[PDB]
Structure formats: structure tokens, C-alpha cells
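Q: Quick one: the structure is below, and I'll ask about it shortly.
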Amino acid sequence: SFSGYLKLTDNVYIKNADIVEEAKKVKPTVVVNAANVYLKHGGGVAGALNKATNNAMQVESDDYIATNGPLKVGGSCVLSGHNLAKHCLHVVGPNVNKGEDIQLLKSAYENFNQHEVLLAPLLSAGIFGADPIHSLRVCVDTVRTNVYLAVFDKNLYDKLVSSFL
Ligand SMILES: O=C(NCc1nc2ccccc2[nH]1)c1ccco1
Numbered sequence: 005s006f007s008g009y010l011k012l013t014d015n016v017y018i019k020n021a022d023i024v025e026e027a028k029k030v031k032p033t034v035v036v037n038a039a040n041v042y043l044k045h046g047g048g049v050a051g052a053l054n055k056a057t058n059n060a061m062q063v064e065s066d067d068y069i070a071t072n073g074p075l076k077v078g079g080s081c082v083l084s085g086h087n088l089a090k091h092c093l094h095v096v097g098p099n100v101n102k103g104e105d106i107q108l109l110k111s112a113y114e115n116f117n118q119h120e121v122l123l124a125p126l127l128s129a130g131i132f133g134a135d136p137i138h139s140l141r142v143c144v145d146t147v148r149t150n151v152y153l154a155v156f157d158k159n160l161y162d163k164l165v166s167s168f169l
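The opening position of the sequence shown corresponds to residue 5 in the authors' numbering, with each subsequent residue numbered one higher.
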């Protein structure tokens, strides 16, 4: 079960943790992946989660894309969580480095509401280029289900907690 999280709101919790190690320890029902529309898990959270599955996440994802085509920015799909979780919810937040619309971040977080409890990263943060403080704000104002946020970077985690309104 989830331990060492700081409570931000009634339903949002946060911890300075590597989401891969957190997923291997907790084996949650749902781990969220910071996916792209192609489910190409090359880097960031996606690359790390996929590497932890020995590439099984990428093999499953390529079969999913071959059958269904790409996801929408702001959309999601549920796939296996492999050795990390029961399920992986691949959520596509806007990548502002690729010029995608930041307003799609609320739509991306709305996917979390279909699951009672999730282990998740901050969407569009990291290599996706959005301001993580803004992502946490959108998360708390959009997600109503229980979300356990893992923030890899200690300095960012401290900035997120200390600046949380
Ligand atoms: O590959 C690993 N960590 C690197 C990593 N961890 C991230 C978390 C968020 C964003 C980028 C990251 N990149 C690993 C394997 C097992 C435990 O950790």
C-alpha cells in the first residue's frame, strides 16, 4: 500500500519517488504512464516504465496501435501494468515542446476519474515541457479520485509542496 505520501487535498497525495520503484513496491491497481499518442515509450516516465517491464509494455503498445491507431492528445487507453501494476493507464498530456495545446492538460487529467485510485506522475511535466506547478494545480482541480503523485526530482518536489496553494 501507499506510504510516505504528503496529503495535499482530500484526494491528492504526493511523494518524492521514482514512479518505477514505487510501482514495483506497491503493485497498484493502476499506474499512469506519461504516454505519447503513438505509445512510443522512449524516454521520461514512459521510457522508465517500459524498461522496467523488459520492453513488454512497448510490445503490447505496438500491437494496440497497430489495431487502434494513435491516441488523441488528452486521451488515454488502459493496457496491462505488467510487473508494475494490474493496469497501466496510458495518458497523453500535451507536449508543449512539440507545440501542443496546454489547455488539453485538464482533458488528460479527466482520464484519471475513471479509476478509484492511481499511482501517477504529473502530466505534461518533465520532458513534456509544461510547468509542473501548473500541472499539479490542474490535477488537484480536475481529479476527484484518489491520486498518489510520484515526483522524481527532490528539488521539484520541495518546490511543488512549498508553493502549493
Ligand atoms: O529507469 C529507472 N529510472 C530512471 C527514471 N525514472 C524516472 C521517473 C520519472 C521520469 C523519468 C525517469 N527516469 C528505474 C528502473 C527502476 C527504477 O528506476
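Cβ atoms here follow ideal geometry from the backbone N, Cα and C, with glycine treated the same way.
Going by DSSP, what residues sit across from residue 81 in a beta bridge?
A: To locate residue 81, count along the sequence shown from 1; it is residue 77. Paired residue(s): 94.
Q: Could you tell me which of 5, 41, 132 sits nearest to residue 76, measuring between CA atoms?
A: Residue 76 sits at position 72 when you count from the first residue of the sequence shown. Nearest option by C-alpha distance: 41.
Q: Whole alpha helix (DSSP H) runs in the stretch 116 to 157 with 4 or more residues, listed along the chain?
A: The qualifying runs are 136 to 146.
Q: Using 8 Å for Cβ pairs, my map puts residue 97 next to residue 109. What's the rounded Cβ distance?
A: For the purposes of this step, residue 97 is identified with residue 93 of the sequence shown, where counting begins at 1. For the purposes of this step, residue 109 is identified with residue 105 of the sequence shown, where counting begins at 1. Yes, they are in contact, since the Cβ atoms of residue 97 and residue 109 sit about 6 Å apart, within 8 Å.
Q: For residue 19, write down the residues that DSSP places opposite it in a beta bridge.
A: Counting from 1 along the sequence shown, the entry for residue 19 is found at position 15. Residue 19 pairs with 154.
Q: From the DSSP output, read off the bridge partner residues of residue 35.
A: Looking up residue 35 in the sequence shown gives position 31. In the DSSP output, where bridge partners are listed per residue, residue 35 has 92, 123.
Q: Give me, in chain order, the residues of the same chain whose beta-carbon lies closer than 7 Å to that of residue 84; leave out the 5 immediate sequence neighbours on both sides.
A: What you label residue 84 is simply residue 80 of the sequence shown in a count that begins at 1. If we look at residue 84 and ignore the five residues flanking it on each side, its Cβ neighbours are 64, 91, 92.
Q: Just mark residue 62 as buried or exposed, buried being the case when its beta carbon has 16 or more other beta carbons within 10 Å.
A: As a first step, residue 62 is located in the sequence shown; it is residue number 58 there, counting from the start. Buried, because 16 or more other Cβ atoms sit within 10 Å of the Cβ of residue 62.
Q: Taking the CB atoms as reference points, tell me whether residue 136 and residue 160 lie closer together than 8 Å.
A: One-based indexing of the sequence shown puts residue 136 at position 132. One-based indexing of the sequence shown puts residue 160 at position 156. Contact: yes.
Q: I need the straight-line Cα distance from residue 113 to residue 105, nearest angstrom please.
A: For this step, residue 113 is matched to residue 109 along the sequence shown. For this step, residue 105 is matched to residue 101 along the sequence shown. Each residue's alpha carbon lies about 14 Å from the other.
Q: Just reading off the alpha helix (DSSP H) that residue 7 is part of, what are its end residues?
A: Sequence index remark: in the sequence shown, residue 7 carries index 3 (1-based). Unbroken run through residue 7: none, as it is neither H nor E.
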